[PDB]
Ligand SMILES: [Fe+3]
Ligand SMILES: [Fe+3]
Ligand SMILES: [Fe+3]
Ligand SMILES: [Fe+3]
């Protein structure tokens, strides 16, 4: 079934010490989240650049890692029910806060953790290049050759287009119908590895370290080993849901060229351009497209999705 | 009277070429906006850093300009009626679009231009250190020594704390009452040069280059001298107003130390901490505090403000 | 069905500034061409070298990019009807001319844009190495394993042999019959990714910036933002068709070794050599073979071709 | 059938001279062992690093080869009957001892050669990327597409997780049941190339150069060409079997990322975590996971395994 998605967002200094603590702390956080039975997996991204759209963002490029002073992370966690995420955070607060707190020395902005429902998904299981022979064999044995997916390689060996959209109030239905039509046509592009549409349903205060006054002072005053009152979150997840409605259109690609010209198909192929024009007519903000590298992931979230 | 405020936000490459075109294009844009009789001035900022809040944002410091790969600009324009801003853009579209278009090669994100109402303002006219003798003389001659302001130096010789807040729906009145009480007490801090509270009323589609499909293609395809159809904006300013409600708390200071410890008074002075805790209890997001340098400005906006 | 092909040819300085504007202007031109419903895609090439034929062109080699002072571009655009190309140019002249005009500082020769009919095509859809599992699955599901193509990777991950021929008047039928026989046999060579034969039907005056006196002076005198009169083109496309008849034999290959020895099959394999000798007997000029890298492309032109 | 496994372990100086004599002497030893008809193959490993488990072993990383002063070897030889191994050593002692003796100048610890029975095996034949077409063709021809394996590339082109476990006396049955359930689920991870569980049955005294007093002095006093009395080994293989019972869990992976996150599946996937927790409850020591590179191997041992 379709899981819910929490996306933890933050911006940190682009330096070795940051990536070192990614390697130490990251696995720990993931292991703690896996204590909850509603946890079905994760996909953690580093932003490597921004899609320039010709020279609309002429200062950007798809890979800005060698020049950027900061690094943005987007950590997806997947949940059977979005309430599982909230429960997991509270049940494991002593660990999560202290783990996430150790990132402080590198932090510039965040954490900020919106919650999403998946309203459309065409996402395959991941496989390594070593796997495809056994997959093909099994699918033919089952008489289901149509269920043979593309090869979507895990652990940093593909790229993601993270397209931000906010929609004019009242035009949500038009956006959702048109974007699904768009993605159904987009899958013809070479190197297309899957797409899903995420619709924000709210924000996790606790995941964003957004407390009332009491928790705010505890966060600021913390020596590192004393958690804020997790009960001092002043709003529920849906209470923080944004209007204009926010969506993420998440599209995966074999490589950044396939991404650039593949996403470009909505501009370059007249038949698809006409369909995607219906998406553009609904927007308050966007499309703004971040280029992401899915480096650390628990690939079994796609097994839950596709069962 | 209180003007409305448009704030044009963008992120550009932090390099000499960016600042060179600031010097060339900036004045032109300002001269064009001054064509509209509703224009009462401007205050253009560069972000120089982020308030770290101890080590809450331990990767940040108040002046990150020497290390940052990007520069964020926040360009305030002041208007008798916010509709003046929208009309100005449309009436002078051929000039403005082609001027702002020349920034493309340096752009990474933006432009994004929310519109605000001022719900509280305690902001003096600017004066240079050369002016204060005449100001003192004039005010005593008129029998109005209470009207002698602090010395708030224009053109990059003071700093701004730009504090972002979003508020839980239903708590706006609690937020506004408490933040005004806070700022009324905050003005006692040494080096305090004024404060105002900005409340978002919407977003300018045209100022944000956010069009329907037609305008979107015209923007991407533009050689530099062909404006998109300005009539292709699909939403009004109020249709894009965010819920949760967004506020900017804008506080000006003599220098970055006075800023750090002055803003810090809301944490460090128990009486004020109690008042400001009422603000904290209302928030979905924030406070997130950007450190700004007001470099280019038309100081007469404060003359309109203070009559 | 078979589309018509326009090939825009130009020679520019081989330096970073040229490739930077390829990246800036290129996408824009492509987005503009896609405004016309008869546009079915594109394939843009950079020449990387010349096939030396042993030492017939002993000063040449297949990759001369590190030593050449110039770079030649060959930009294919594909059209349902060749008149669509002409119509597109005229309808979008203000954008196209200003876009192409910005290349001026790097230009040494061109643009020159002959138009071609395709008289033979054996060209597969492009696929990334990630795609083939799904393609195989789909074709077996449909009971059409013979329709499983070779893997022809898009976006610079294969190479093209661009073979220029001009034919003795009266020998066109012999050339065409023999070259098709040749290519039908050539497809047995390892790493063969497809072939097509293009027959010139004329030249686009507007795409070649070839006007009468009025337009000529407008081009020379242009500050960059004032298009020449597009009605000052003095000849129709067929009026410029060359006699001797010109052809392009366009053959795609996995890599430059497969290209060299694969094309060489028409000299090295006695049975194929006898067939290809019938081609050679018809020539006024050629074969002259440019080595091309297809870097930027709209791969959906092959979907139109093979539907 | 399942062969028995002898694993020769040693630690040597990490320098070119060590690898040079690996290349000279290594093949010789393998040729001598192949004199015995019970020999069914071998898989020789170099340890390239240690799995850090987040920062549990924070001084370790998966590839420590550029920094380490030593290199550990683990040389698997496979035998129809474990007694064949003992027989081979004694029958060919003059060659083996003089061959292994030439390693002396580089040795820091070892040799130590435990013997194991395989209690679980899910291990495919090796294939190069060049082979899979013919493999697929053959299996479909035989009507057995389910017997198409993953591509497990020989000769250094994959990696091994070498997981050491020792089990509480009385808990061997629980360990063995749980670890098999674990590995049966683990095979779902991307890039999983096979697994087996080795259970120690004893230690080869002769393979470990562990003699009585007489042989000890002969070893120490040897000029290089005088073997110790091979009959002076004072214990049989089973007499040296350890309690607590020792196991090796041997898992092969496409690459070190697939290894890290794949092995990590027993921590990150809740369903598998519950199963694997039953393994953890039985342990005296471990899991300690060495990262191995299978460089030199006789791949036909897997043909014997899978018949
Ligand atoms: Fe979370
Ligand atoms: Fe504006
Ligand atoms: Fe053209
Ligand atoms: Fe041995």
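The residue numbers of chain B are those assigned by Swiss-Prot, with the residues present covering 2-308 sequentially.
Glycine too: its Cβ is placed from the backbone N, Cα and C atoms.
In summary, of the candidate residues B:31, B:104, the record from Swiss-Prot lists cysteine persulfide for B:31, whereas the others have no such entry there. Fe cation is bound by B:86, B:90 in Swiss-Prot, and the record lists one more residue there from B:114, B:118, which is B:114.
The two recorded residues, residue B:86 (Fe cation binding site) and residue B:31 (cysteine persulfide), have Cα atoms 12 Å apart. Here the C-alpha separation of residue B:90 (Fe cation binding site) and residue B:31 (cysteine persulfide) works out to 12 Å.
Residue B:114 (Fe cation binding site) sits 15 Å from residue B:31 (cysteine persulfide), taking the CA atoms of both as reference points. In the three-state DSSP scheme, residue B:114 (Fe cation binding site) falls into the coil class.
With the fewest other Cβ atoms inside 10 Å of its Cβ, the least crowded of the binding-site residues B:86, B:90 in this structure is B:90. Spatially close to residue B:31 (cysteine persulfide) yet at least six residues away along the chain are B:43, B:297, B:299, judged by Cβ distances under 8 angstroms. The Fe cation site is set by B:86, B:90, B:114; from the centre of their CB atoms, other residues of the chain with a CB within 8 Å are B:7, B:9, B:78, B:87, B:89, B:116, B:205, B:207, B:208.
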